[PDB]
C-alpha cells in the first residue's frame, strides 16, 4: 500500500556527470528549464481534470532555486530534510526520507482527496539523487546531456551512461521519449550559449 508508483529522476548533467557549482547551476539555459517545466508538469488530458505531478527535492536544491520560482508552480513540492527543522511554507511539504515522502503523499492524496497523483519526479540534488538511485521503484532518468566539461563541485552519484552500468540502464528511442513526455521534443543537439546539449531518456527494469 505504498509501492504504487514508479519514480522518475530528471537531471541536467555534463559528460563528466557535473550537476552543480557554488550551490547553483553553472549554465544558463532557458529552453532547458522550459523542458524541465514541461516534463515535470505534463499530465494526459483525460486525467488532467483531477491529477497533478509531484516534485521531490533535497533541501539544498530547495534553497538553490531563486525565491521567485518557489514553490515550483503547478506541481506538489516536497522537500526532503533530516531534521523536522524550520522550513516555513505556503502549504509546502516536508519529509525526512524518500519513503517518508511517499507515505506522506499517499496519505494526503488518497482515493477521495480532490487532487490525485499522476507521476512522481526526483528533481535533485546529488544526495537525493543517490537515495533515488538506491530506491527499488526508480526506473527512469530524464537526462539532459551537456557536451562540455564545465567546472562543477557536485556530481551525479552513479555513472549510468557508462559501460559498467550498461546492462542495467538503457537509452530509449527518441520517439519513446516523446511518447512518454506527450509531445514532440527537440531531437539531437541544441545550442544555447557555446555548449551543445540534448535530451535523453534512460530506463531500467524493476
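Positions refer to the first chain, counted from 1. Whichever C-alpha set is largest while still superposing within 1.5 Å between the two forms counts as the rigid core.
Between 38-46 and 168-176, the larger root mean square Cα shift in 6 other deposited structures of this protein, once each structure is superposed on the rigid core, falls on 38-46.
Of the two segments 84-92 and 70-78, the one whose CA positions lie farther from the displayed form in 6 other deposited structures of this protein, once all are superposed on the rigid core, is 84-92. Stretches 11-19 and 193-201 differ in mean CA B factor, with 193-201 having the higher one.
Taking only CA atoms, the mean B-factor in the PDB entry is higher for 56-64 than for the other of 56-64 and 170-178.
Annotation for 82, 135, 119, 107: 82 ranks highest, by Cα B-factor. In the PDB entry, the Cα temperature factor peaks, among 69, 155, 35, 147, at 69. Among the modelled residues of its chain, residue 100 has a C-alpha B-factor that falls in the lowest third according to the deposited record.
For residue 115, the recorded CA temperature factor ranks within the highest third of the chain's modelled residues. For residue 163, the recorded CA B-factor ranks within the lowest third of the chain. Only modelled residues enter the ranking. For residue 88, the recorded CA B-factor ranks within the highest third of the chain. Only modelled residues enter the ranking. Annotation for residue 28: CA B-factor lies in the highest third of the chain's modelled residues.
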